[PDB]
Amino acid sequence: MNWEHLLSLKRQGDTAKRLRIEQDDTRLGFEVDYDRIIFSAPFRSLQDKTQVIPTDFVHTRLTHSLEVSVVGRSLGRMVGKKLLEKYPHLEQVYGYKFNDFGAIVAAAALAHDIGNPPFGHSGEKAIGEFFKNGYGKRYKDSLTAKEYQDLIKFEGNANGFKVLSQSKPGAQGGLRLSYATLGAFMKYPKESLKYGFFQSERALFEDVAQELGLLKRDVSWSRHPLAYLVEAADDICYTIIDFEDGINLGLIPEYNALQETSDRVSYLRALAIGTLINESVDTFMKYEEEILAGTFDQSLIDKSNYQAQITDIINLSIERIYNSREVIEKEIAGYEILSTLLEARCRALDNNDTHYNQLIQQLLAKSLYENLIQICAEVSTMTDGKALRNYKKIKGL
Amino acid sequence: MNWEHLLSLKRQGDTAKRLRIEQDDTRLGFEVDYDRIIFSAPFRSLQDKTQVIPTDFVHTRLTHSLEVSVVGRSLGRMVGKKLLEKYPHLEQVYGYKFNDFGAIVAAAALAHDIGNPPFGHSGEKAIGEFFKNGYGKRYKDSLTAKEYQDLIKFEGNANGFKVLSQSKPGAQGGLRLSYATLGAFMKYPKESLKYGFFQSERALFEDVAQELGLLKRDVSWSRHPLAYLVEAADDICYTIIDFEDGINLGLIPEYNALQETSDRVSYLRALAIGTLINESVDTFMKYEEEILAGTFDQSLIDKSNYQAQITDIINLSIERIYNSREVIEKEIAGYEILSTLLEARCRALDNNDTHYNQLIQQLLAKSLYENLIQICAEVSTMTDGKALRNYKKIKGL
Amino acid sequence: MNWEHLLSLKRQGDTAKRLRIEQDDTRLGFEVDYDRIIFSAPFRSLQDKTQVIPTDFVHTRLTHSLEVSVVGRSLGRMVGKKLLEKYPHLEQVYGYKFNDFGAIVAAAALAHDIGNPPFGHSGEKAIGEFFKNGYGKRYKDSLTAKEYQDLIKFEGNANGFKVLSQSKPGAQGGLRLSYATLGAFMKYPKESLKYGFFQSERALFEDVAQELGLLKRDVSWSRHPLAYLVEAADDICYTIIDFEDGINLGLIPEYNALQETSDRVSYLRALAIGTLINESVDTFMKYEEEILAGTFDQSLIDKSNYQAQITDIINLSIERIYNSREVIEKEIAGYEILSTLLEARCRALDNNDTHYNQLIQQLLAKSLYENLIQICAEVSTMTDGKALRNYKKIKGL
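Residue numbers (my numbering), protein chains in the order written: chain A, 42 to 438; chain B, 42 to 438; chain C, 42 to 438.
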């Protein structure tokens with residue numbers, strides 16, 4: 042791959058190339074992306090969306106994404122400095138700066154959880170199951186193998202890609218984020234037939250991939266190098282910060298001057314994240330060659346020298362947090378809530394003339410496929426409050 | 042038609058004619074009807090029944106019916122005065138007085154909403170749907186076309202007719218209201234094959250129609266002239282008063298000495314209702330001839346000179362009130378509540394020997410048809426509290 | 042004043058000067074400040090703290106501070122660019138960059154609401170009143186005029202200064218933010234005898250003021266120039282964004298392609314903020330001379346050409362939002378909650394040996410003054426949930 046192309050400032054619809062050297066410092070494309078996300082309706086909605094984790098402080102999805110983005114900016118900034126020293130022409134010729142790299146990773150990391158449905162992975166599985174063995178099965182014969190697969194294996198990252206680019210009468214291209222940011226956002230650059238985009242966004246990513254110059258591999262491409270840093274920010278934060286929350290929560294049983302547990306835990310978290318950030322940067326530059334070639338077959342943290350302690354932390358979290366009664370009860374309830382909303386929307390879609398279904402449309406509100414993936418997208422992005430409430434009214438409460 | 046006969050004081054079961062001139066002033070039949078309604082169990086129950094409309098003052102169904110009856114009494118009183126001047130023999134010979142007309146319309150208007158199920162029109166549609174495509178469908182082949190139609194197109198006005206006349210071991214003829222009052226109550230004098238009576242009350246209305254001398258038109262007859270005034274009271278009140286409530290509620294965004302909004306709105310409502318009452322009276326006398334002939338094909342307000350402002354008010358109410366999220370959520374929940382209660386009652390009716398169904402009967406409690414229309418009648422007249430509670434227990438709460 | 046000194050990277054306790062040119066790009070002092078705020082316990086707590094403003098999206102204090110910081114970064118970045126063009130030596134000699142200015146204003150703006158008590162200004166007044174006419178009055182004769190004034194006129198900005206610098210056994214200097222950031226944070230550089238710091242932090246600000254070279258004016262100094270940008274970000278956001286929220290909330294009655302109100306409102310908000318940001322930058326550079334001299338006697342927005350529309354927006358917000366029943370009820374309840382917690386803490390402080398007061402200390406937990414200002418600080422920073430709950434238990438619920 043080529044860095045000059047990987048750092049594209051192209052926005053959907055552009056008819057002409059944007060040159061880094063021409064950019065207005067006060068309106069840097071990559072930095073503008075961060076600000077568009079912050080003020081966006083979907084990001085804002087994260088304020089009212091909790092993680093599956095259940096007093097002390099516990100992150101909602103908005104604060105979790107904020108902290109992940111801060112870790113992301115530091116990772117990008119650091120790699121950026123080293124990348125410009127290794128490839129000095131990027132700066133002296135093309136005008137790129139180390140903070141451009143922090144901006145790209147920060148923005149992509151900030152929006153990473155933006156399209157995930159409530160209830161974490163159980164939420165995704167509930168949606169998938171709805172179309173596999175639930176009411177949604179009825180559409181199987183009216184869809185292609187990939188359109189149907191999109192539904193059966195509904196993935197939050199693909200929905201996030203849709204949320205960030207969705208076209209609307211008064212807003213084509215959605216947030217119209219820089220292509221380098223969309224590339225950094227894509228962890229799995231492939232179709233449903235652990236994938237990064239639905240059929241509804243295939244045309245867009247092809248344009249993004251071509252523009253970035255991603256190595257071609259039923260389409261798929263090599264991962265944009267900066268996506269490795271977006272992934273690391275996630276790995277680091279979900280590992281250490283969720284551990285921090287589990288402790289403050291009590292689920293995980295618990296410098297010498299600090300008298301409060303949360304302060305001791307916070308200091309350890311900061312030190313630990315700092316160590317992993319520094320190491321992740323070195324690992325990236327160490328395998329930068331393979332990453333640019335598309336042969337690197339793992340994550341940055343996979344190569345960590347603290348893989349053992351990292352593994353022990355993830356297992357204890359799975360043990361005390363994800364296997365906790367509170368989380369399991371929430372996920373179970375989540376299946377019923379999502380399954381109910383999806384069925385009510387699909388039945389209204391099928392029989393749109395009945396008084397009841399019209400009410401449902403008034404309450405909760407193209408080809409069959411566009412209508413179905415849109416239903417999945419809207420149900421997935423509903424705030425916790427709206428979803429529970431709409432569910433309760435449908436069930437007669 | 043003939044007024045002397047249209048003003049019948051006959052009560053169900055009478056073997057002899059009641060003469061107006063013989064009436065005891067302190068026990069005037071039509072006035073007695075009003076008092077029987079007031080003290081009746083079904084009217085009283087309106088105290089605990091809300092409209093679909095969601096702080097300021099908002100009418101429950103009892104207060105709404107009370108105000109409609111006051112408007113009704115004024116309409117009847119005024120038309121009555123003019124009718125006796127046009128047909129002086131009604132008074133000088135038969136002894137009728139202008140207040141008899143106010144009494145008839147007032148009583149009929151007071152009881153007009155008495156049999157409607159909760160959730161307004163959505164409530165009616167939920168009941169209908171239950172027997173059309175829900176569990177109730179199973180009875181289709183055991184009923185006649187009209188008995189089944191009664192269920193599939195369940196109408197609250199027909200149920201009100203049943204509620205007012207239902208026979209019970211210690212109470213035959215129900216409230217035994219004057220026939221002129223029952224005629225004024227009937228907006229649609231026809232069978233299910235926008236109808237005014239179920240098959241279960243067909244025999245009664247035939248007796249009422251014959252006694253009143255209603256023009257014959259699968260039976261149907263010309264509307265009793267005073268029903269036009271009962272209808273106008275409804276039209277006027279649902280139009281202006283619901284608008285008043287929508288404003289005080291905030292759903293509808295908002296003399297010079299009045300400082301409070303509710304007082305300004307109340308004054309306007311009073312002035313507006315007064316204008317429509319006066320105009321409705323003139324319209325009735327203008328078309329009195331056609332109405333007596335049964336050729337008048339519309340409502341009194343249909344002929345209003347303020348039809349435009351009336352139309353704009355109804356549309357804004359539909360827009361800000363009926364299409365409001367609060368109303369839609371309530372109607373949606375209403376479908377589930379009514380559908381659940383009906384199914385539980387029909388399953389218990391079908392399999393009455395199981396322990397569970399016996400409990401259901403103990404909790405919620407003839408030919409198949411009488412049993413089914415009775416189930417619809419009882420579910421429809423349950424107070425809001427009883428319906429929601431019984432529903433919750435059935436659903437395990 | 043002198044920019045080279047106003048841009049100090051000094052952190053509390055430093056024994057040696059930090060030079061901009063020596064800074065590690067990946068650890069820029071001003072950028073590090075932003076990250077320390079994000080991950081801090083007091084900033085995180087904003088997640089669970091609502092504004093007094095009461096469905097659509099409505100900002101919690103965390104998201105409000107986040108958006109204010111974004112507006113702040115843009116203001117600083119833009120002024121920064123123009124400042125370096127006017128004073129080229131700052132960059133060519135001292136090594137300052139335009140993003141350093143965005144970093145300083147962004148960080149200061151991000152933390153601006155960090156120490157404010159719940160219930161906005163009513164919250165502040167409730168605390169003040171507690172020591173003026175409530176139980177807290179009893180300490181009047183044991184305190185100096187300024188220590189007591191700190192309490193009677195308790196100000197959230199002063200508490201925020203304390204929160205950001207509070208010393209603790211394992212954490213001296215609190216977040217140890219750069220002095221340029223602390224200066225930008227200070228809107229009112231003076232004592233209680235609309236002030237920016239309590240007696241408990243007087244020693245710290247004197248050090249900050251001396252280091253920055255703030256013009257001396259019972260101490261007080263001229264405002265750090267960048268504080269004008271922090272203030273503008275606040276003015277712009279509280280004006281436009283609160284208006285946006287009031288509309289989406291319904292409290293404020295409500296491009297041509299956008300079909301949803303929130304999208305139309307969001308677009309207008311973005312355009313409006315953009316206009317004010319651009320204008321505020323020009324206003325700053327226009328009066329940069331006076332600001333550097335300490336003679337500028339107003340805010341940047343005070344000089345706006347849209348002062349009228351700005352005034353109309355603020356008045357409508359005061360009218361439909363702050364005077365709304367929901368807000369007034371909350372503020373009223375807020376007085377009782379805060380007054381109760383303060384009294385329980387002061388009584389326990391006075392009579393610390395009783396079983397009850399020991400329980401109170403166990404639940405809710407120096408010179409008299411340090412203990413009292415600490416009680417005000419802790420009560421002020423309690424999340425909404427903890428405050429209400431602790432209040433309920435004290436009242437026997």
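Yeah, the Cβ is synthetic: ideal placement off N, Cα and C, and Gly gets one too.
Item                                                                                                                            : Value
Inter-residue spacing [alpha-carbon to alpha-carbon] between residue 347 of chain C and residue 277 of chain C                  : 12 Å
Proximal residues, the segment 197-229 of chain A versus chain C, C-beta separation under 8 Å                                   : 209, 210, 211, 212
Among A:331, A:409, A:345, A:56, the one whose alpha carbon lies nearest that of residue 320 of chain A                         : A:345
CA-to-CA distance, residue 92 of chain B to residue 106 of chain B, given in whole angstroms                                    : 11 Å
For residue 124 of chain C and residue 330 of chain C, the rounded distance between their alpha carbons                         : 11 Å
Delimiting residues of the alpha helix (DSSP H) encompassing residue 83 of chain A                                              : 82-86
Distance between residue 381 of chain B and residue 307 of chain A (C-alpha atoms, nearest Å)                                   : 52 Å
Min CB distance residue 397 of chain A to chain B below 9 Å                                                                     : yes
Distance between residue 208 of chain A and residue 221 of chain A (C-alpha atoms, nearest Å)                                   : 19 Å
Any 3 or more C-beta pairs closer than 8 Å across the segment 145-155 of chain B and the segment 264-282 of chain B             : yes
Near-chain C residues of the segment 82-101 of chain A (beta-carbon distance less than 7 Å), N- to C-terminal order             : 82, 85, 86, 88, 98, 101
Residue 212 of chain A in three-state terms, based on DSSP                                                                      : strand
Interface flag, residue 435 of chain A vs chain B, CB-CB below 9 Å                                                              : yes
DSSP three-state assignment for residue 345 of chain C, whether helix, strand or coil                                           : coil
CB contact below 9 Å: residue 431 of chain A versus chain B                                                                     : yes
Contact with chain C by residue 66 of chain A, beta-carbon distance below 9 Å                                                   : yes
9 Å Cβ cutoff met for residue 80 of chain A and residue 311 of chain C                                                          : yes
Sequence-distant residues of the same chain with beta carbon closer than 7 Å to residue 389 of chain C, five excluded per side  : 398, 401, 402
Presumed contact (8 Å Cβ cut-off) between residue 383 of chain B and residue 98 of chain B, rounded CB distance                 : No, residue 383 of chain B and residue 98 of chain B are not in contact; Cβ-Cβ is about 33 Å, not under 8 Å.
Chain B contact for residue 401 of chain A (CB, 9 Å cutoff)                                                                     : yes
Assumed close pair residue 42 of chain C, residue 270 of chain C - CB separation to whole angstroms, cut-off 8 Å                : In fact, because the Cβ distance is near 15 Å, the residues do not count as touching under 8 Å.
Partners in chain A for residue 374 of chain B, counting only beta-carbon separations shorter than 9 Å                          : 433, 434, 435, 436, 437, 438
Under 7 Å by beta carbon: chain A residues contacting residue 271 of chain C                                                    : Ordered by position in chain A, no residue passes the 7 Å Cβ test against residue 271 of chain C, which lies about 18 Å from the chain.
Selected residue, minimal CA-CA separation from residue 470 of chain B, among B:433, B:137, B:130, B:104                        : Lying before the first or after the last residue shown, residue 470 of chain B is absent from chain B, which here runs from 42 to 438.
Validate contact between the segment 238-245 of chain B and the segment 321-328 of chain B using beta carbons, cut 8 Å, 3 pairs : no
Span of the alpha helix (DSSP H) around residue 231 of chain A                                                                  : Where residue 231 of chain A is concerned, there is no enclosing alpha helix (DSSP H), given that its DSSP letter is neither H nor E.
Below-9 Å beta-carbon distance, residue 282 of chain B vs any chain A residue                                                   : no
7 Å CB neighbourhood of residue 110 of chain A in its chain, flanking five on each side removed                                 : 147, 150, 151
Per-residue DSSP class, three states only, for residue 203 of chain A                                                           : helix
Nearest neighbour of residue 183 of chain B, chosen from B:419, B:391, B:258 [CA to CA]                                         : B:391
Proximal residues to residue 450 of chain A (C-beta, below 7 Å), its chain only, five neighbours per side dropped               : In this structure chain A extends from 42 to 438, so residue 450 of chain A is not present and cannot be described.
Identity of the residue in B:247, B:303, B:224 nearest residue 266 of chain B by Cα                                             : B:224
Chain B residues whose Cβ lies nearer than 8 Å to that of residue 404 of chain A                                                : 366, 369, 370, 373
Cα-Cα separation between residue 134 of chain B and residue 286 of chain B, rounded to whole angstroms                          : 46 Å
Proximal residues of chain A, C-beta to C-beta of residue 338 of chain C below 7 Å                                              : Chain A residues near residue 338 of chain C: none, gap ~28 Å exceeds 7 Å.
Neighbourhood of residue 101 of chain C by C-beta, 8 Å cutoff - its chain only, sequence neighbours within 5 removed            : 87, 88, 89, 90, 91, 92
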